[PDB]
Amino acid sequence: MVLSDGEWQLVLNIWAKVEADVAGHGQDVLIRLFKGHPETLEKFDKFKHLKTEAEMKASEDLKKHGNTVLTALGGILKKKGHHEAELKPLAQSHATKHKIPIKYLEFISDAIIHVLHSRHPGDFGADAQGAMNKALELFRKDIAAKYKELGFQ
Ligand code: HEM
């Protein structure tokens, strides 16, 4: 389920803009995730104390984790169609340690798309949106395959 060269270029072109403020994007993504799907917040022992959007926005640890998430995703995206090594430890920890259903990965994928549109209305047009959908679909597909191996799928 392979992206074209042009599709990868669109993905990484918008991603280079994310990289001007990775932590801010990452915090926005986690806030969108937690507000839209509160069950996801409950998987984070270290964030479940946050009861309001303002509290989420004020948390420096949440911002840091947002940076961690998007920096790791950036690493995956820059490997384009060959991200096996980067994806492996992530699937492993999310399956066995953090116990994160694939469905929650769908939720965060949608949150990323939402945030990219919110912050970049002009640059993140339909072509880039579609290419980013495909890149995040491939991410989910490959994680789900590792989950299946490990009996978490
Ligand atoms: C784009 C998708 C995601 C990426 C790239 C990502 C990345 C990471 C990374 C790099 C870490 C630290 C290293 C590790 O433990 O593997 C981490 C930790 C963690 N992730 Fe994710 N993650 C993603 C999605 C999610 C989702 C959707 C959830 C929950 C709904 C989640 C829950 C957790 C938890 C609970 C930890 C440990 C947090 C702590 O330090 O207390 N992850 N994630």
# chains A, B, ... in the order shown; residues from 1 in each chain; ligands from 1
call {"tool": "residues_around", "arguments": {"residues": "residue 73 of chain A", "least_positions_apart": "5", "cutoff": "12 Å", "atoms": "only C-alpha atoms", "output": "PyMOL selection string"}}
result
chain A and resi 11-12+15+18-19+22+26+66-68+78-80+83+86-87+90+105+108-109+112+132+135-136+139-140
call {"tool": "residues_around", "arguments": {"residues": "residue 124 of chain A", "least_positions_apart": "4", "cutoff": "12 Å", "atoms": "only C-alpha atoms", "output": "PDB file with C-alpha atoms, in the first residue's frame"}}
result
ATOM      1  CA  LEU A  10       3.754  16.398  -0.069  1.00  0.00           C
ATOM      2  CA  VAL A  11       3.920  14.659   3.307  1.00  0.00           C
ATOM      3  CA  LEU A  12       7.447  15.783   4.058  1.00  0.00           C
ATOM      4  CA  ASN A  13       6.851  19.278   2.761  1.00  0.00           C
ATOM      5  CA  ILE A  14       4.114  19.869   5.315  1.00  0.00           C
ATOM      6  CA  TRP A  15       6.130  18.017   7.928  1.00  0.00           C
ATOM      7  CA  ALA A  16       9.048  20.418   7.494  1.00  0.00           C
ATOM      8  CA  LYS A  17       6.629  23.157   8.553  1.00  0.00           C
ATOM      9  CA  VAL A  18       5.572  21.172  11.614  1.00  0.00           C
ATOM     10  CA  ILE A 112      -2.733  15.143  13.496  1.00  0.00           C
ATOM     11  CA  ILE A 113      -4.660  15.870  10.303  1.00  0.00           C
ATOM     12  CA  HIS A 114      -6.951  18.237  12.178  1.00  0.00           C
ATOM     13  CA  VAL A 115      -4.049  20.145  13.762  1.00  0.00           C
ATOM     14  CA  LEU A 116      -2.186  20.399  10.477  1.00  0.00           C
ATOM     15  CA  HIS A 117      -5.259  21.961   8.882  1.00  0.00           C
ATOM     16  CA  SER A 118      -5.818  24.315  11.836  1.00  0.00           C
ATOM     17  CA  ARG A 119      -2.266  25.621  11.794  1.00  0.00           C
ATOM     18  CA  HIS A 120      -1.660  25.569   8.025  1.00  0.00           C
ATOM     19  CA  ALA A 128      -1.298  17.151   0.953  1.00  0.00           C
ATOM     20  CA  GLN A 129      -4.212  15.994   3.127  1.00  0.00           C
ATOM     21  CA  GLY A 130      -4.719  12.931   0.997  1.00  0.00           C
ATOM     22  CA  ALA A 131      -1.018  12.091   0.981  1.00  0.00           C
ATOM     23  CA  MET A 132      -0.812  12.529   4.753  1.00  0.00           C
ATOM     24  CA  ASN A 133      -3.910  10.265   5.120  1.00  0.00           C
TER      25      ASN A 133
END
call {"tool": "closest_atom_pairs", "arguments": {"of": "chain A", "to": "ligand 1", "cutoff": "7 Å", "atoms": "only C-alpha atoms and all ligand atoms", "output": "JSON lines"}}
result
{"residue": "A:40", "atom": "CA", "partner": "ligand 1", "partner_atom_place_in_ligand_line": "30 (C)", "distance": 3.9}
{"residue": "A:41", "atom": "CA", "partner": "ligand 1", "partner_atom_place_in_ligand_line": "30 (C)", "distance": 6.3}
{"residue": "A:43", "atom": "CA", "partner": "ligand 1", "partner_atom_place_in_ligand_line": "35 (C)", "distance": 5.2}
{"residue": "A:44", "atom": "CA", "partner": "ligand 1", "partner_atom_place_in_ligand_line": "35 (C)", "distance": 4.3}
{"residue": "A:45", "atom": "CA", "partner": "ligand 1", "partner_atom_place_in_ligand_line": "41 (O)", "distance": 6.2}
{"residue": "A:46", "atom": "CA", "partner": "ligand 1", "partner_atom_place_in_ligand_line": "41 (O)", "distance": 5.4}
{"residue": "A:68", "atom": "CA", "partner": "ligand 1", "partner_atom_place_in_ligand_line": "10 (C)", "distance": 5.4}
{"residue": "A:69", "atom": "CA", "partner": "ligand 1", "partner_atom_place_in_ligand_line": "7 (C)", "distance": 4.1}
{"residue": "A:70", "atom": "CA", "partner": "ligand 1", "partner_atom_place_in_ligand_line": "5 (C)", "distance": 6.0}
{"residue": "A:72", "atom": "CA", "partner": "ligand 1", "partner_atom_place_in_ligand_line": "5 (C)", "distance": 5.0}
{"residue": "A:73", "atom": "CA", "partner": "ligand 1", "partner_atom_place_in_ligand_line": "5 (C)", "distance": 4.4}
{"residue": "A:89", "atom": "CA", "partner": "ligand 1", "partner_atom_place_in_ligand_line": "16 (O)", "distance": 6.5}
{"residue": "A:90", "atom": "CA", "partner": "ligand 1", "partner_atom_place_in_ligand_line": "16 (O)", "distance": 4.7}
{"residue": "A:93", "atom": "CA", "partner": "ligand 1", "partner_atom_place_in_ligand_line": "16 (O)", "distance": 5.0}
{"residue": "A:94", "atom": "CA", "partner": "ligand 1", "partner_atom_place_in_ligand_line": "16 (O)", "distance": 6.3}
{"residue": "A:98", "atom": "CA", "partner": "ligand 1", "partner_atom_place_in_ligand_line": "35 (C)", "distance": 5.0}
{"residue": "A:100", "atom": "CA", "partner": "ligand 1", "partner_atom_place_in_ligand_line": "29 (C)", "distance": 5.5}
{"residue": "A:104", "atom": "CA", "partner": "ligand 1", "partner_atom_place_in_ligand_line": "27 (C)", "distance": 4.7}
{"residue": "A:105", "atom": "CA", "partner": "ligand 1", "partner_atom_place_in_ligand_line": "27 (C)", "distance": 4.6}
{"residue": "A:107", "atom": "CA", "partner": "ligand 1", "partner_atom_place_in_ligand_line": "27 (C)", "distance": 6.8}
{"residue": "A:108", "atom": "CA", "partner": "ligand 1", "partner_atom_place_in_ligand_line": "27 (C)", "distance": 5.2}
{"residue": "A:109", "atom": "CA", "partner": "ligand 1", "partner_atom_place_in_ligand_line": "1 (C)", "distance": 6.4}
call {"tool": "residues_around", "arguments": {"residues": "residue 34 of chain A", "least_positions_apart": "5", "cutoff": "10 Å", "atoms": "only C-alpha atoms", "output": "ChimeraX atom specification"}}
result
/A:28-29,39-42,47-48,50,52-53,56,107-108,111
call {"tool": "write_last_selection", "arguments": {"atoms": "N, CA, C and O atoms", "output": "PDB file, in the first residue's frame"}}
result
ATOM      1  N   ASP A  28      -0.887  20.428  20.707  1.00  0.00           N
ATOM      2  CA  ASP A  28      -2.205  20.598  20.119  1.00  0.00           C
ATOM      3  C   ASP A  28      -2.794  19.253  19.724  1.00  0.00           C
ATOM      4  O   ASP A  28      -3.987  19.016  19.866  1.00  0.00           O
ATOM      5  N   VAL A  29      -1.973  18.373  19.185  1.00  0.00           N
ATOM      6  CA  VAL A  29      -2.459  17.045  18.802  1.00  0.00           C
ATOM      7  C   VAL A  29      -2.974  16.251  19.994  1.00  0.00           C
ATOM      8  O   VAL A  29      -4.060  15.676  19.948  1.00  0.00           O
ATOM      9  N   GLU A  39     -11.219   8.576  26.530  1.00  0.00           N
ATOM     10  CA  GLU A  39     -10.664   7.291  26.921  1.00  0.00           C
ATOM     11  C   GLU A  39      -9.162   7.251  26.672  1.00  0.00           C
ATOM     12  O   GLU A  39      -8.447   6.517  27.344  1.00  0.00           O
ATOM     13  N   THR A  40      -8.672   8.042  25.724  1.00  0.00           N
ATOM     14  CA  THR A  40      -7.243   8.069  25.449  1.00  0.00           C
ATOM     15  C   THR A  40      -6.465   8.724  26.580  1.00  0.00           C
ATOM     16  O   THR A  40      -5.363   8.294  26.902  1.00  0.00           O
ATOM     17  N   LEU A  41      -7.026   9.762  27.199  1.00  0.00           N
ATOM     18  CA  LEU A  41      -6.374  10.439  28.310  1.00  0.00           C
ATOM     19  C   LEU A  41      -6.183   9.453  29.453  1.00  0.00           C
ATOM     20  O   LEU A  41      -5.173   9.492  30.160  1.00  0.00           O
ATOM     21  N   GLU A  42      -7.131   8.534  29.627  1.00  0.00           N
ATOM     22  CA  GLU A  42      -7.063   7.605  30.746  1.00  0.00           C
ATOM     23  C   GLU A  42      -5.921   6.596  30.600  1.00  0.00           C
ATOM     24  O   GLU A  42      -5.478   5.992  31.582  1.00  0.00           O
ATOM     25  N   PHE A  47      -1.063  11.991  32.816  1.00  0.00           N
ATOM     26  CA  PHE A  47      -1.891  13.110  32.347  1.00  0.00           C
ATOM     27  C   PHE A  47      -3.343  13.036  32.810  1.00  0.00           C
ATOM     28  O   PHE A  47      -4.100  13.988  32.633  1.00  0.00           O
ATOM     29  N   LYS A  48      -3.734  11.934  33.434  1.00  0.00           N
ATOM     30  CA  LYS A  48      -5.146  11.738  33.735  1.00  0.00           C
ATOM     31  C   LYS A  48      -5.655  12.732  34.798  1.00  0.00           C
ATOM     32  O   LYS A  48      -6.873  12.883  34.958  1.00  0.00           O
ATOM     33  N   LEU A  50      -5.418  15.879  34.434  1.00  0.00           N
ATOM     34  CA  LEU A  50      -5.844  17.066  33.691  1.00  0.00           C
ATOM     35  C   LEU A  50      -7.349  16.987  33.355  1.00  0.00           C
ATOM     36  O   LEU A  50      -7.793  16.058  32.689  1.00  0.00           O
ATOM     37  N   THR A  52      -9.327  19.873  32.366  1.00  0.00           N
ATOM     38  CA  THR A  52      -9.772  20.938  31.471  1.00  0.00           C
ATOM     39  C   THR A  52      -8.759  21.173  30.360  1.00  0.00           C
ATOM     40  O   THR A  52      -7.569  20.871  30.495  1.00  0.00           O
ATOM     41  N   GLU A  53      -9.221  21.771  29.269  1.00  0.00           N
ATOM     42  CA  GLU A  53      -8.309  22.153  28.208  1.00  0.00           C
ATOM     43  C   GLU A  53      -7.241  23.122  28.696  1.00  0.00           C
ATOM     44  O   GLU A  53      -6.070  23.008  28.330  1.00  0.00           O
ATOM     45  N   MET A  56      -4.560  21.203  30.378  1.00  0.00           N
ATOM     46  CA  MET A  56      -3.745  20.534  29.379  1.00  0.00           C
ATOM     47  C   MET A  56      -2.755  21.490  28.724  1.00  0.00           C
ATOM     48  O   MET A  56      -1.574  21.192  28.553  1.00  0.00           O
ATOM     49  N   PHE A 107      -7.468   7.466  16.101  1.00  0.00           N
ATOM     50  CA  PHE A 107      -7.853   8.742  16.691  1.00  0.00           C
ATOM     51  C   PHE A 107      -6.702   9.753  16.636  1.00  0.00           C
ATOM     52  O   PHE A 107      -6.915  10.920  16.272  1.00  0.00           O
ATOM     53  N   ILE A 108      -5.495   9.335  16.966  1.00  0.00           N
ATOM     54  CA  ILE A 108      -4.422  10.321  16.945  1.00  0.00           C
ATOM     55  C   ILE A 108      -4.046  10.708  15.507  1.00  0.00           C
ATOM     56  O   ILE A 108      -3.640  11.850  15.265  1.00  0.00           O
ATOM     57  N   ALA A 111      -6.364  13.348  14.673  1.00  0.00           N
ATOM     58  CA  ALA A 111      -6.002  14.563  15.389  1.00  0.00           C
ATOM     59  C   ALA A 111      -4.831  15.315  14.728  1.00  0.00           C
ATOM     60  O   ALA A 111      -4.839  16.534  14.636  1.00  0.00           O
TER      61      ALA A 111
END
call {"tool": "atom_distance", "arguments": {"atom1": "atom CA of residue 92 of chain A", "atom2": "atom CA of residue 33 of chain A"}}
result
21.5 Å
call {"tool": "select_by_dssp", "arguments": {"residues": "chain A", "states": "helix (DSSP H, G or I)", "output": "ChimeraX atom specification"}}
result
/A:5-18,22-36,38-41,53-58,60-78,84-96,102-119,126-150
call {"tool": "atom_distance", "arguments": {"atom1": "atom CA of residue 54 of chain A", "atom2": "atom CA of residue 21 of chain A"}}
result
19.6 Å
call {"tool": "atom_distance", "arguments": {"atom1": "atom CA of residue 141 of chain A", "atom2": "atom CA of residue 38 of chain A"}}
result
23.6 Å
call {"tool": "closest_residue", "arguments": {"among": "A:57, A:35, A:25, A:82", "to": "residue 138 of chain A", "atoms": "only C-alpha atoms"}}
result
A:82
call {"tool": "decode", "arguments": {"residues": "segment 130-145 of chain A", "atoms": "N, CA and C atoms", "output": "PDB file, in the first residue's frame"}}
result
ATOM      1  N   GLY A 130      -4.614  14.303   1.458  1.00  0.00           N
ATOM      2  CA  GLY A 130      -4.719  12.931   0.997  1.00  0.00           C
ATOM      3  C   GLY A 130      -3.435  12.154   1.161  1.00  0.00           C
ATOM      4  N   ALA A 131      -2.301  12.773   0.847  1.00  0.00           N
ATOM      5  CA  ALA A 131      -1.018  12.091   0.981  1.00  0.00           C
ATOM      6  C   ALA A 131      -0.720  11.804   2.445  1.00  0.00           C
ATOM      7  N   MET A 132      -1.021  12.740   3.335  1.00  0.00           N
ATOM      8  CA  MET A 132      -0.812  12.529   4.753  1.00  0.00           C
ATOM      9  C   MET A 132      -1.766  11.424   5.260  1.00  0.00           C
ATOM     10  N   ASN A 133      -3.007  11.384   4.789  1.00  0.00           N
ATOM     11  CA  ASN A 133      -3.910  10.265   5.120  1.00  0.00           C
ATOM     12  C   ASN A 133      -3.233   8.937   4.776  1.00  0.00           C
ATOM     13  N   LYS A 134      -2.697   8.829   3.565  1.00  0.00           N
ATOM     14  CA  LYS A 134      -2.071   7.586   3.114  1.00  0.00           C
ATOM     15  C   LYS A 134      -0.848   7.260   3.986  1.00  0.00           C
ATOM     16  N   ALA A 135      -0.043   8.253   4.333  1.00  0.00           N
ATOM     17  CA  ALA A 135       1.128   7.985   5.170  1.00  0.00           C
ATOM     18  C   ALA A 135       0.737   7.477   6.557  1.00  0.00           C
ATOM     19  N   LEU A 136      -0.299   8.066   7.141  1.00  0.00           N
ATOM     20  CA  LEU A 136      -0.762   7.623   8.445  1.00  0.00           C
ATOM     21  C   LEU A 136      -1.504   6.291   8.392  1.00  0.00           C
ATOM     22  N   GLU A 137      -2.164   6.027   7.273  1.00  0.00           N
ATOM     23  CA  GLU A 137      -2.738   4.696   7.032  1.00  0.00           C
ATOM     24  C   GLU A 137      -1.647   3.628   7.012  1.00  0.00           C
ATOM     25  N   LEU A 138      -0.547   3.892   6.326  1.00  0.00           N
ATOM     26  CA  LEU A 138       0.546   2.927   6.259  1.00  0.00           C
ATOM     27  C   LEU A 138       1.149   2.698   7.647  1.00  0.00           C
ATOM     28  N   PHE A 139       1.311   3.774   8.397  1.00  0.00           N
ATOM     29  CA  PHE A 139       1.762   3.696   9.784  1.00  0.00           C
ATOM     30  C   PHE A 139       0.853   2.772  10.586  1.00  0.00           C
ATOM     31  N   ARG A 140      -0.460   2.964  10.518  1.00  0.00           N
ATOM     32  CA  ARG A 140      -1.401   2.127  11.247  1.00  0.00           C
ATOM     33  C   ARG A 140      -1.367   0.687  10.756  1.00  0.00           C
ATOM     34  N   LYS A 141      -1.275   0.497   9.452  1.00  0.00           N
ATOM     35  CA  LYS A 141      -1.274  -0.857   8.881  1.00  0.00           C
ATOM     36  C   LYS A 141      -0.105  -1.624   9.456  1.00  0.00           C
ATOM     37  N   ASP A 142       1.050  -0.986   9.492  1.00  0.00           N
ATOM     38  CA  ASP A 142       2.261  -1.699   9.861  1.00  0.00           C
ATOM     39  C   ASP A 142       2.320  -1.936  11.357  1.00  0.00           C
ATOM     40  N   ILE A 143       1.793  -1.039  12.123  1.00  0.00           N
ATOM     41  CA  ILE A 143       1.694  -1.228  13.557  1.00  0.00           C
ATOM     42  C   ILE A 143       0.703  -2.336  13.851  1.00  0.00           C
ATOM     43  N   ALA A 144      -0.413  -2.326  13.155  1.00  0.00           N
ATOM     44  CA  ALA A 144      -1.432  -3.361  13.388  1.00  0.00           C
ATOM     45  C   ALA A 144      -0.895  -4.752  13.070  1.00  0.00           C
ATOM     46  N   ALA A 145      -0.070  -4.861  12.048  1.00  0.00           N
ATOM     47  CA  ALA A 145       0.537  -6.143  11.716  1.00  0.00           C
ATOM     48  C   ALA A 145       1.449  -6.637  12.844  1.00  0.00           C
TER      49      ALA A 145
END
